[PDB]
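Some notes on the structure that comes next.
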Amino acid sequence: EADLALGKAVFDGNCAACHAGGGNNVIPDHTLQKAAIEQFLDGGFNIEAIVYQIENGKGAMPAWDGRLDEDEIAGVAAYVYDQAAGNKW
Ligand code: HEM
């Protein structure tokens with residue numbers, strides 16, 4: 001169901017590794033923030049754009065293609081989007 005709690009559970013395990021509290025450890029300022037997305041993200045503040053990054057891996061970010069399920073992928077994207085939009089970073 002591309003759930004946010006699912007998305008969180010994924011995030012917490014998989015993404016937090018580099019992005020702890022939306023907190024990009026590799027490129028300090030390239031955080032999971034709305035603003036940071038809208039500047040740095042190529043594809044803009046769009047679910048498509050988010051998902052695409054997570055799938056395919058981009059710059060210094062690993063690809064999650066087939067490592068996460070489709071729903072899982074969608075959930076983590078949705079969650080990140082919700083966090084950003086809501087400012088729950
Ligand atoms: C876990 C599956 C995971 C998610 C979710 C995630 C999201 C994410 C987004 C949405 C961006 C864009 C942020 C912005 O535009 O400012 C992004 C960017 C980077 N990530 Fe990430 N990310 C997840 C996992 C990981 C892992 C495990 C690493 C660390 C090895 C990592 C690193 C990075 C880096 C670097 C970037 C910037 C690269 C770029 O977009 O050019 N991510 N991530």
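Identifiers in the structure tokens: chain A, B, ... in order shown; residue index from 1 per chain; ligand index from 1 in order shown.
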| said: Please find the residues contacting ligand 1 at a distance of at most 6 Å between atoms, with only C-alpha atoms and all ligand atoms counted, and report them as a ChimeraX atom specification. | reply: /A:11,14-15,17-18,26-27,30-32,36-37,40-41,50,54,58-62,76-77
| task | Could you give me, as a list in words, the residues within 10 Å of residue 2 in chain A, counting only C-alpha atoms and dropping anything in the same chain fewer than 5 positions from it? | result | residues 7, 70, 71, 72, 73, 74, 75, 76, 77, 78 and 79 of chain A
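Among the candidate residues A:20, A:80, A:85, A:6, the one lying nearest to residue 53 in chain A is A:80, with distances computed using only C-alpha atoms.
Taking only C-alpha atoms into account, residue 55 in chain A lies nearest to A:69 out of the set A:42, A:1, A:29, A:69.
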